[PDB]
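What follows is a set of notes on a single structure, which appears directly below.
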Amino acid sequence: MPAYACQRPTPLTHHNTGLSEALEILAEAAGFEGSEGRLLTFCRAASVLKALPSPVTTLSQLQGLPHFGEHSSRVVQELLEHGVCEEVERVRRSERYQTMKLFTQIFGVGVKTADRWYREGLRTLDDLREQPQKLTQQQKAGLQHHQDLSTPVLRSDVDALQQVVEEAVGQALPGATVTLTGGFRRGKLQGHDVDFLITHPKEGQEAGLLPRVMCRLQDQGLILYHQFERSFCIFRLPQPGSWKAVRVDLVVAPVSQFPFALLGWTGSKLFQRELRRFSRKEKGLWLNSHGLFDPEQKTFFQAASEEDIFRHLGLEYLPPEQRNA
DNA sequence: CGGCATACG
DNA sequence: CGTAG
DNA sequence: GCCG
Ligand SMILES: Nc1nc2c(ncn2[C@H]2C[C@H](O)[C@@H](COP(=O)(O)OP(=O)(O)OP(=O)(O)O)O2)c(=O)[nH]1
Ligand SMILES: [Mn+2]
Ligand SMILES: [Mn+2]
Ligand SMILES: [Mn+2]
Ligand SMILES: [Mn+2]
Ligand SMILES: [Mn+2]
Ligand SMILES: [Mn+2]
Ligand SMILES: [Mn+2]
Ligand code: NA
């Protein structure tokens, strides 16, 4: 088992779901306390289990697996022996964890804001609604739409949103294309938003595109909230005899950068952090969603495909459905 | 021990 | 500060 | 919390 998640296939469904979910609770709790190092180890340990070919049934099977030390091994041991890990259950039921999860789920609220509200004594969404003056416009939108934004986005929703984004993109710039990214590109059947990447085959023609797309979507009455090359939107999506709010992210890249943007925006988040970590620490190359830079020669790699990028980095190619780290 | 992704709004 | 994978 |  290789140490970086970008070195191994990780499918969306696997054979250690319960174990991975438990470790991810501890990772999330570490993030709420600002312990990014511990968050990463617990996330990486969970991801290792997702990549295994069969269920872990005995502690012996963890020996030699990367990212499994005393703490993560004890969590697995308790789940194997008793079906529950006391530390995990204590986190789950804790007021701090439950409130930080609720608050950070709000669009416009991060860990730092959630923590400050927690320390002020705030605990519920109605607590926040009862002091609306200390909210940003983004937070007000996130709070107004929070219930709809809690409802899973389904594949049927994705198909409908793609067609309306394409219509607006087509009037904004004939020939521009729309690619589904994020978790749906990795094969998820549900999600909490929809991610799209927009480009044009003629380098430079994409300049100024996103404002034109947004204006057109807004004139069609489809935009409940928006704030350039990245737009974090709330879209009005039709439903039987009504509609629901859906988070949509729209991103534009020039065609020269499209493979890097497609790779970055297809995720998973952990996969991309691991891929960038591998690039820098193992290969001496700096990777982002615009390109791949050699800081010794002072040059950018050209890529025409995701396959090119994996080759540049000396990694076997993984299709999106195997990037579910 | 230091490091832990790397951006844009 | 928020957001993104 | 774990790795190198
Ligand atoms: N309002 C609300 N937001 C939720 C709820 N559950 C999760 N979220 C939000 C918090 C996270 O920012 C986000 C996670 O969404 P997904 O699991 O679809 O993944 P995400 O789109 O971040 O990445 P992905 O595109 O799959 O790589 O959803 C919920 O019950 N209510
Ligand atoms: Mn410990
Ligand atoms: Mn025991
Ligand atoms: Mn997404
Ligand atoms: Mn998104
Ligand atoms: Mn850019
Ligand atoms: Mn996300
Ligand atoms: Mn520590
Ligand atoms: Na949030």
Side-chain angles (χ1 to χ4, degrees), chain A residues 1-52 55-56 59 61-62 64-69 71-73 75-76 78-80 82-85 87-97 99-107 109-115 117-118 150 152 182-183 186 188 190-193 264 266-278 281 322-325:
Chain A
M1 173 79 66
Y4 290 86
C6 53
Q7 294 176 296
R8 65 208 178 222
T10 317
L12 178 56
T13 66
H14 61 89
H15 314 290
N16 287 286
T17 309
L19 297 179
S20 66
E21 285 176 348
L23 290 165
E24 288 183 341
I25 292 284
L26 300 184
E28 183 178 22
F32 295 157
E33 306 311 303
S35 318
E36 270 297 298
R38 295 172 85 250
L39 174 149
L40 277 169
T41 283
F42 287 130
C43 283
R44 292 163 181 167
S47 186
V48 163
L49 302 184
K50 303 180 199 181
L52 285 172
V56 173
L59 211 53
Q61 290 164 334
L62 298 183
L65 291 182
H67 308 292
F68 275 89
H71 200 134
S72 303
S73 298
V75 172
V76 167
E78 297 190 355
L79 291 158
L80 295 177
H82 308 288
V84 300
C85 169
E87 182 186 11
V88 172
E89 299 303 301
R90 188 164 5 96
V91 173
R92 280 202 214 269
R93 73 185 158 249
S94 74
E95 184 174 21
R96 169 79 180 175
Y97 171 84
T99 307
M100 292 289 299
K101 186 168 185 69
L102 171 65
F103 285 174
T104 60
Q105 273 178 0
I106 307 173
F107 182 64
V109 180
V111 173
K112 287 204 208 331
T113 300
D115 176 64
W117 289 345
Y118 190 87
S150 297
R186 300 199 306 279
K188 289 186 69 175
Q190 297 181 352
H192 291 302
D193 83 331
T266 295
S268 70
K269 176 175 176 172
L270 180 62
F271 189 95
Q272 299 300 313
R273 290 174 78 159
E274 293 278 290
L275 186 65
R276 294 172 186 199
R277 189 171 66 96
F278 176 89
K281 303 295 181 186
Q322 300 298 335
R323 305 180 198 161
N324 285 290

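Letters A, B, ... are given to chains in the order of the sequence lines, protein chains preceding strands, and every chain is numbered from 1. These values consider heavy atoms only, across backbone and side chains, with no hydrogens, waters or symmetry-generated copies.
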Name the atoms and distances for all side-chain donor-acceptor pairs under 3.5 Å in residues 31-50 of chain A, with sequence neighbours left out.
from: A:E33; atom 1: OE2; to: A:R96; atom 2: NE; distance (Å): 2.9
from: A:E36; atom 1: OE1; to: A:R273; atom 2: NH2; distance (Å): 3.2
from: A:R44; atom 1: NE; to: A:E274; atom 2: OE2; distance (Å): 3.0
from: A:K50; atom 1: NZ; to: A:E24; atom 2: OE2; distance (Å): 2.8

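- The two residues A:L79 and A:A22 come nearest to each other via the heavy atoms CD1-CB, 3.5 Å.
- Between atom CZ of residue A:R276 and atom OH of residue A:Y4 there is a gap of 15.0 Å, rounded to the nearest 0.5 Å.
- Looking at A:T113, its side chain never comes within 3.5 Å of a backbone N or O of A:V109 through a donor-acceptor pair.
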Is there a side chain to side chain contact (heavy atoms under 4.5 Å, CB included) between A:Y97 and A:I25? Walk through the geometry before answering. CA-CA 9 Å; A:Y97 171 84; A:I25 292 284; 3.2 Å; yes
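- Side-chain atoms of A:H71 and A:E87 form a donor-acceptor pair, as typed in the model, at a separation below 3.5 Å.
- Residues A:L80 and A:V56 share a closest heavy-atom pair of CD2-O, 3.6 Å.
- Proximity of A:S268 to A:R323: side-chain heavy atoms (C-beta onward) are nowhere separated by under 4.5 Å.
- Considering only heavy atoms from C-beta on, A:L12 comes within 4.5 Å of A:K188 through its side chain.
- When every heavy atom of A:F103 is checked against every heavy atom of A:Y118, the shortest pair comes out as CE1-N, 4.4 Å.
- Two residues are said to be in side-chain contact when any heavy atoms from C-beta on lie closer than 4.5 Å; A:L52 and A:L65 meet this criterion.
- Legend: residues meeting side-chain hydrogen bond (donor to acceptor under 3.5 Å, both in side chains) with A:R186, ordered by chain and number and at least two apart, are A:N324.
- Across every non-hydrogen atom of A:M1 and A:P66, the tightest pair is CG-CD, 3.5 Å.
- A donor-acceptor pair under 3.5 Å is absent between the side-chain atoms of A:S72 and the main chain of A:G69, judged by distance alone.
- Partners of A:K112 by side-chain contact (heavy atoms from CB on, under 4.5 Å), not counting sequence neighbours: none found.
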